[PDB]
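The next block holds one structure in the form of structure tokens; read it before the comments.
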Amino acid sequence: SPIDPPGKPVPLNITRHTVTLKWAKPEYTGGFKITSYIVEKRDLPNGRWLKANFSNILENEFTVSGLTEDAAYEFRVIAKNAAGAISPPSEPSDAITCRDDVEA
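Number 327 in the working numbering belongs to position 74 of the sequence shown; there are no gaps in the numbering.
As structure tokens, then:
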């Protein structure tokens, strides 16, 4: 009885202070359905993955806020399963400077 984390997160929109990304729902998950889709953000060029979200991401469509301008931020999606286990982090999403939206 193994577990499979959600699909690789891909940002649909990336604001100077709010990066929106969604992913693909799991396909196996042992015998669970997952009841939360957390996501860690990396504050480049000196981050360390930190679950920004804190409002329970039930739907595979969340927005990572609390970011900063002129700073590349990467975002992976970590999520547990109905059993409580913790499905590894979903391959972080491309690091967005989160500034071009205010310049180009």
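Idealized CB from N, CA, C, for every residue including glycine.
From the options, residue whose alpha carbon lies closest to that of residue i
i	options	result
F307	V330, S346, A324 and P298	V330
residue 229	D353, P342, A357 and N266	Outside the displayed span of the chain (254 to 357) sits residue 229, for which this structure offers no information.
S254	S289, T268 and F285	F285
Sequence-distant residues of the same chain with beta carbon closer than 6 Å to residue i, five excluded per side
i	result
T282	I256, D257 and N334
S318	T271
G260	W276 and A277
Counterpart residues of residue i in DSSP-defined beta bridges
i	result
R295	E327
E314	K275
Other residues of its chain near residue i: CB distance less than 8 Å, five sequence neighbours each side excluded
i	result
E280	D257
Cβ pair residue i, residue j closer than 8 Å
i	j	result
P264	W276	no
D296	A324	yes
8 Å contact criterion, which residue i and residue j should meet: CB distance rounded
i	j	result
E327	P345	4 Å
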